[PDB]
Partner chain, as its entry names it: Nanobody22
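Before any questions on how it binds or moves, here is one chain, the form solved without the partner chain, in structure tokens.
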């Protein structure tokens, strides 16, 4: 007798029937949700007929783009507190008479509807604290509410779920063990002597160590980005937003490093010195490549491709062809929508730092022109399919967040790279305009004579090379 009698929607909001006004499924693609109201999404999230692990994962990764953590907690609590449908007139008559009605439909509602749903709400809670504990770290009150809620749950079966959720919450509160599979190589130094932080610069630190420390820094920044940080947040990447601290830190780093390489190049007006700077940056790229740090490789490429750097024909004329080949092949990684890059990424062995920029590009492509909502019969439905497509892209990022580099952190170098601010107080566009004008100054366009500039560095320009000592 499949369909059951449910409480009315005036006492239980999840009891409203499915219609085109509140839920749409995909066809020619378990029914896959294309769109729906938040109420309908939450109902299907904790659906009585079957388990939906894929929808639970996707919803919990993407829900902040259409619903607040606090609102979500209210809705699942609401979903949990199921009223019983009022007795039928026939059942109520048996009660008048002092009799006990069979209550077949009531027993069945408890069994096939109340228990599967309450259980699925608890599974959602468990998945929530395990994979998205950061929601609770950012909002202490959210965690108070969750703890208070699970503490009111009664029943033996259910109490195993409450125990699991409690266990997780404790493990997450307690929680950085670092495991070297092999013995890390000796830290490399060049002109700047260890601890002499005031002299730290592009040419004074060892090319090898710059590349190792930037790889460690970028590996940590990449590993700290949660999938959910990339959902409904792509056009405000640079803004300090509560759902995206690690996304912001990663992008800031990439921007600062790329603009720093550029600055180091165009602010070195002496040709011989500028050639040494460019050559050193290609050396850092070589070491990035041997470290499988594709994020670093592509940061060097973006810098070498920027309008201020790309036009420096006299600088690049003095670069060894072996170095030019390296940079030329590094550019080819990005051609045909990163075709060669994806081939290398998928063929190399870990520790690696995947190029992060590509995920932002693809998420932007997926979200561009993709409606936030669908409108049916004047009502609004959340476009869940848009959220699902972003989640498929973010799922890829996770697979390369599990191997530590066998490399020793150098605290002073690390701090130097963490504190890079090439822009000063300038905005990016204006700074790049300034860099472009500096490019014109150091290498005037054809009619104009090539001026010769004073040296700004008094230390050897010769590189120690990319081979360990």
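Positions refer to the first chain, counted from 1. Rigid core (definition): largest C-alpha set, two forms, superposition within 1.5 Å.
There is also a form deposited with the partner chain bound; it is not shown, and the following applies to it.
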* Given that the partner is absent here, does residue 70 sit within 4.5 Å of the partner chain in the deposited bound form, heavy atoms only? -> no
* Verify the contact flag for residue 437: yes if a non-hydrogen atom of it lies within 4.5 Å of a non-hydrogen atom of the partner chain in the deposited bound form, no if not. => yes
* At the 4.5 Å heavy atom threshold, is residue 453 in contact with the partner chain in the deposited bound form? -> yes
* Indicate whether the partner chain has at least one heavy atom within 4.5 Å of a heavy atom of residue 412 in the deposited bound form. => no
* Non-hydrogen atom within 4.5 Å of the partner chain in the deposited bound form for each of 441, 444 and 448 -> yes
* To do: Using the arrangement in the deposited bound form, list in sequence order the residues of 256-282 with any heavy atom within 4.5 angstroms of the partner chain.
  => 269
* Asked: Tell me, which of 205, 291, 282, 381 is the one whose C-alpha shifts by at least 2 Å between the shown form and the other one, with the rigid core superposed?
  -> 381
* C-alpha of residue 68 moved at least 2 Å between the shown form and the other one on rigid core -> yes
* If we fit on the core, is the Cα of residue 394 displaced 2 Å or more between the shown form and the other one? -> yes
* **Rigid core superposition, residue 317 Cα moves 2 angstroms or more between the shown form and the other one** => no
* Structure fact -> Quick read on residue 235 and residue 220 CA atoms in the deposited bound form, 3 Å or more from the shown distance, and they're closer
* To do: Specify closer or farther for residue 250 and residue 372: how their Cα atoms are spaced in the deposited bound form versus the shown form, given a shift of 3 angstroms or more.
  => farther
